[PDB]
Amino acid sequence: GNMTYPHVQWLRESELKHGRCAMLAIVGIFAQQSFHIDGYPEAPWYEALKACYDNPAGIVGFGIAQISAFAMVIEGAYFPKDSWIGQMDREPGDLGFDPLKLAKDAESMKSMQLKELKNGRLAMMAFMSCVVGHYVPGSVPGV
Amino acid sequence: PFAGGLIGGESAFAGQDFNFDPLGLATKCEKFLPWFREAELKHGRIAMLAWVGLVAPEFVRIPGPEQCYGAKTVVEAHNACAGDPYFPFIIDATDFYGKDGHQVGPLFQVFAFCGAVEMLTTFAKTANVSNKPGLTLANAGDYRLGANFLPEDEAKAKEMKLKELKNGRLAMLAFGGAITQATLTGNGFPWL
Amino acid sequence: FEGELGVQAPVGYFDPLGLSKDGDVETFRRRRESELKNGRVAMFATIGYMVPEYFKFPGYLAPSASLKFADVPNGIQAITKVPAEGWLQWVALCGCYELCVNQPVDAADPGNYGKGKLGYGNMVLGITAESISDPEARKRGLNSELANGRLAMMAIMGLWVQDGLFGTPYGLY
Amino acid sequence: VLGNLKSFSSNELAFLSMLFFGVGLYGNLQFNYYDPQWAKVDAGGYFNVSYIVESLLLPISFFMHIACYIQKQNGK
Ligand SMILES: CC(=O)O[C@H]1CC(C)(C)C(=C=C/C(C)=C/C=C/C(C)=C/C=C/C=C(C)/C=C/C=C(C)/C=C/[C@@]23O[C@]2(C)C[C@@H](O)CC3(C)C)[C@](C)(O)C1
Ligand code: KC2
Ligand SMILES: CC1=C(C#C/C(C)=C/C=C/C(C)=C/C=C/C=C(C)/C=C/C=C(C)/C=C/[C@@]23O[C@]2(C)C[C@@H](O)CC3(C)C)C(C)(C)C[C@H](O)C1
Ligand SMILES: CC1=C(C#C/C(C)=C/C=C/C(C)=C/C=C/C=C(C)/C=C/C=C(C)/C=C/[C@@]23O[C@]2(C)C[C@@H](O)CC3(C)C)C(C)(C)C[C@H](O)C1
Ligand SMILES: CC1=C(C#C/C(C)=C/C=C/C(C)=C/C=C/C=C(C)/C=C/C=C(C)/C=C/[C@@]23O[C@]2(C)C[C@@H](O)CC3(C)C)C(C)(C)C[C@H](O)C1
């Protein structure tokens with residue numbers, strides 16, 4: 001009689017959040033391997049955050065403060081209220097972030113939702129493969 | 001009304017109320033308005049005394065013990081008179097007469113008397129069980145000391161209270177400026 | 001939104017991209033509010049580029065680091081020199097003045113928080129400003145505000161470009 | 001439920017909570033990791049009084065957010 005396990009609304013919200021985060025994270029790993037930004041410590045993708053935390057000086061401290069503040073503000077502003085029960089007013093993952101209004105029609109919205117979910121799942125799997133391959137050298141061929 | 005009808009919120013120009021509460025502290029904490037008025041008047045009184053106390057020592061100095069009364073300026077006067085106790089307000093027990101130089105000075109005496117007066121006047125008026133109305137907006141800052149002097153007319157009494165409040169506020173600001181300027185330049189009266 | 005404030009002799013409606021063609025009143029209101037805020041901040045930034053060139057404050061910007069106002073150079077170079085703590089506290093002051101003491105009195109007209117002409121209701125604490133009674137005066141003042149905001153928005157970008165081109169904000173001179 | 005803060009608006013409560021959180025987190029991190037004071041105190045110096053007073057603001061910031069939410073949820 002206590003709602004210990006989340007509603008499918010919360011599950012879809014978390015799935016979309018993970019898909020977006022991992023879609024950013026995979027390209028971030030590749031682009032951190034390739035490029036770099038002056039003023040930030042040199043480290044692999046699996047230690048960059050720890051290095052930034054350990055050596056805040058110059059611009060890295062301010063930058064990581066900015067990133068953390070932005071993330072926390074966004075999470076607070078778009079907390080999935082009552083989605084744990086399924087009584088969430090807005091659609092799961094619908095933060096309203098559509099600056100360019102690429103998708104507006106219902107059919108286009110559904111097709112784009114499916115495409116986003118597929119790509120987010122692929123990115124989640126790729127990021128998990130990266131992490132597991134690095135932390136168990138022989139687990140994944142590419143890494 | 002504004003700030004529970006307390007005096008002092010009226011502009012110099014007739015017909016306009018200055019009502020200076022930028023932070024809206026009166027509305028935010030109305031139940032503490034009598035306490036705020038008491039604190040304002042107390043600060044004004046201590047400040048009106050303290051400004052003249054910054055000015056006069058330059059003209060005259062009483063010949064007390066030279067450990068403090070030989071202080072160069074008002075900035076160092078507090079440090080000289082407070083002594084060098086092992087703890088800020090701790091009397092030396094082994095060396096009561098200050099032969100080791102670690103004894104509180106005359107500022108401790110005046111502080112103790114100020115504490116007695118405070119506990120017997122302000123805390124007495126505010127917290128005493130036998131004084132149930134206690135500290136209210138009407139009597140805030142009123143200890144009946146010299147009340148026989150103020151003019152009988154209620155309008156003139158209000159004007160005199162307003163004069164007290166304005167002079168106390170001006171003295172607060174003036175003492176702040178005077179002591180800060182004294183610290184910065186360490187000069188005589190013009191920068192106190 | 002052609003009749004709204006911001007149309008004058010040099011150009012008319014001037015919406016080449018037609019971003020306001022959809023005629024969404026809420027979107028136009030947000031756009032105008034952001035325009036006014038950007039213009040005001042740009043005017044502040046232009047003056048803050050202009051004044052340090054001649055006058056620099058006395059004292060220590062960061063006494064802990066022995067950083068004097070004369071040590072740090074004005075311009076984009078100041079972002080690194082001024083401590084992140086100082087930048088965060090500037091952000092904190094701006095957030096205070098955005099959330100607490102700047103409140104939209106009327107949603108119909110954006111960018112107006114009741115601070116009066118030349119935003120003089122925030123000159124000093126403890127004063128309340130009044131809107132200009134004359135409709136012509138209101139219109140002229142608001143149009144001047146918007147035009148100067150646009151000019152400062154362009155000028156601050158120009159000064160950033162000059163600071164990039166030459167280490168000092170006025171290297172050419 | 002907010003006691004004396006019931007007269008504070010949701011906007012100013014939010015600003016106060018955010019500011020207190022920032023200052024307290026800065027003080028805590030500076031005191032603990034990025035500007036440790038244990039070595040200085042052992043040498044004999046006094047603490048950085050700013051960090052101790054600042055660090056108390058973090059729990060104050062937390063409770064100020066719950067108060068901001070309560071006030072906002074109440075239409076103030
Ligand atoms: C219809 C629809 O919905 O779509 C849109 C609509 C709308 C309203 C437009 C939106 C928006 C907002 C937008 C698009 C906002 C864009 C903002 C931009 C592009 C800002 C650029 C700043 C560049 C700077 C500071 C460069 C600074 C460069 C500097 C300082 C360079 C400096 C130097 O180069 C110099 C000059 C010389 C070099 O040698 C050295 C260096 C230092 C590099 C929406 C809502 O989002 C969606
Ligand atoms: C942040 C800094 C800032 C700057 C640098 C700045 C510069 C200029 C210039 C310079 C060229 C002009 C000419 C100008 C003119 C007017 N400003 Mg303005 N202003 C700033 C801030 C505010 C705020 C907060 C408000 C405000 C306003 C008005 C009104 C309206 C008066 C009325 O209502 O009768 C007029 C005529 C109020 C308003 O309603 O604006 C829609 C209002 O709330 N301003 N302002
Ligand atoms: C792990 C691994 C491998 C792998 C792999 C795989 C399958 C990787 C897959 C990666 C994948 C599938 C990556 C998607 C990224 C999507 C991004 C970045 C989108 C950003 C989009 C952004 C930031 C924004 C979009 C907007 O639309 C928004 C939201 C609103 C609009 O108004 C505005 C715009 C248009 C801006 C190898 C190489 C096969 C072997 C080796 O072992 C290592
Ligand atoms: C209200 C108003 C306005 C206003 C205002 C403003 C800006 C007001 C500002 C007020 C301000 C800033 C007031 C500072 C006071 C500082 C004091 C009291 C410091 C005392 C310090 C003292 C007593 C220190 C003493 C010692 O350190 C000494 C010297 C030596 C040491 O050995 C010993 C000790 C420690 C004991 C506007 C803006 C004009 C609008 C409207 O028009 C009206
Ligand atoms: C009479 C009366 C009223 C009144 C009044 C009046 C006359 C009010 C006057 C207020 C006044 C006059 C307020 C000054 C503030 C000055 C400040 C904050 C200075 C800071 C200065 C600083 C921070 C300086 C720092 C430095 O020195 C440092 C530390 C190092 C040096 O290298 C140099 C520098 C500069 C860097 C009311 C309210 C109107 C009505 C009421 O009824 C009663």
Side-chain angles (χ1 to χ4, degrees), chain A residues 38 96-102 104, chain B residues 6-13 17-23 40-41 43-44 46-51 53-54 68 71-82 84 88 107 111 161-186 191-192, chain C residues 15 17-22 24 27-28 30-35 38 42 45 56-63 67-70 75-77 79-80 122-127 153-154 156-167 169 171-172:
Chain A
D38 284 355
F97 176 61
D98 200 8
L100 308 179
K101 304 180 287 221
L102 294 169
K104 317 196 82 195
Chain B
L6 280 165
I7 208 183
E10 46 265 78
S11 89
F13 318 117
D17 302 272
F18 187 20
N19 282 22
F20 178 90
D21 196 7
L23 274 47
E40 159 161 286
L41 273 167
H43 288 97
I46 302 171
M48 289 170 277
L49 296 176
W51 191 86
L54 290 173
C68 173
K72 294 282 193 38
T73 40
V74 300
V75 170
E76 308 87 349
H78 166 274
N79 282 112
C81 267
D84 173 38
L107 270 167
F111 154 82
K161 283 194 183 61
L162 180 75
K163 296 213 219 176
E164 177 193 30
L165 263 180
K166 286 199 192 173
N167 262 319
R169 294 162 169 160
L170 176 53
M172 276 189 256
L173 296 155
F175 168 80
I179 195 78
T180 290
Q181 293 167 51
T183 316
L184 290 174
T185 178
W191 330 123
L192 285 102
Chain C
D15 194 356
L17 294 195
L19 293 142
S20 303
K21 274 307 316 210
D22 285 34
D24 183 16
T27 287
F28 173 86
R30 164 102 189 184
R31 292 247 178 75
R32 171 50 58 76
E33 155 164 49
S34 161
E35 160 165 48
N38 282 250
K56 217 99 71 178
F57 280 136
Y60 283 80
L61 212 164
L67 183 69
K68 282 159 87 289
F69 288 85
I76 76 192
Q77 293 74 20
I79 288 149
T80 47
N122 287 1
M123 288 223 212
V124 281
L125 292 182
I127 77 183
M153 277 193 255
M154 296 221 294
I156 187 63
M157 252 295 262
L159 291 160
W160 283 352
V161 158
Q162 276 202 161
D163 207 0
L165 266 42
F166 299 101
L172 75 164

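Sequence lines set the chain letters: A, B, ... in the order given, protein chains first and strands last, and positions in each chain run from 1. Computed from heavy atoms alone, side chains included, the values below leave out hydrogens, waters and symmetry copies. Numbering of ligands and ligand atoms starts at 1, following listing order.
- Taking every non-hydrogen atom of C:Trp160 and a distance limit under 4.0 Å, the qualifying atoms of ligand 1 come out as 25 (C).
- Per-residue contacts place C:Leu19 under 4.0 angstrom from the following atoms of ligand 1 (heavy atoms of the residue considered): 1 (C).
- Around atom 30 (C) of ligand 4, the closest heavy atom drawn from B:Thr73, C:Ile127, B:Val75 belongs to B:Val75.
- Considering both main-chain and side-chain atoms, A:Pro99 comes within under 3.5 Å of ligand 1 through a nitrogen or oxygen pair.
- Residue B:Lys166 places no N or O, backbone or side chain, under 3.5 Å from any N or O of ligand 5.
- Scanning the protein heavy atoms around atom 18 (C) of ligand 4, the nearest turns out to be B:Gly176 CA, 3.4 Å.
- Each of the atoms 35 (C), 36 (C), 37 (C) of ligand 1 lies under 4.0 Å from some heavy atom of C:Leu165.
- Every atom of ligand 5 is numbered from 1 in the order shown, and the set under 4.0 Å from a heavy atom of C:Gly59 is 36 (C).
- Note that atom 22 (C) of ligand 1 has no protein non-hydrogen atoms nearby, at separations under 4.0 angstrom.
- Using a 4.5 Å heavy-atom cutoff, the side chains of C:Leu159 and C:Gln162 are in contact.
- Looking only at heavy atoms of the protein, atom 32 (O) of ligand 4 is closest to B:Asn79 OD1, 2.0 Å.
- The nearest heavy-atom contact from the protein to atom 6 (C) of ligand 1 is C:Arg31 NH2, 4.0 Å.
- Atoms of ligand 5 found under 4.0 Å from any heavy atom of C:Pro58 (numbered from 1 in listed order, with element): 36 (C).
- For ligand 1, the atoms lying closer than 4.0 Å to a non-hydrogen atom of A:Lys101 are 1 (C), 3 (O).
- Between the choices B:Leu184, B:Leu173, B:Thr183, the shortest heavy-atom distance to atom 8 (C) of ligand 5 belongs to B:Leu173.
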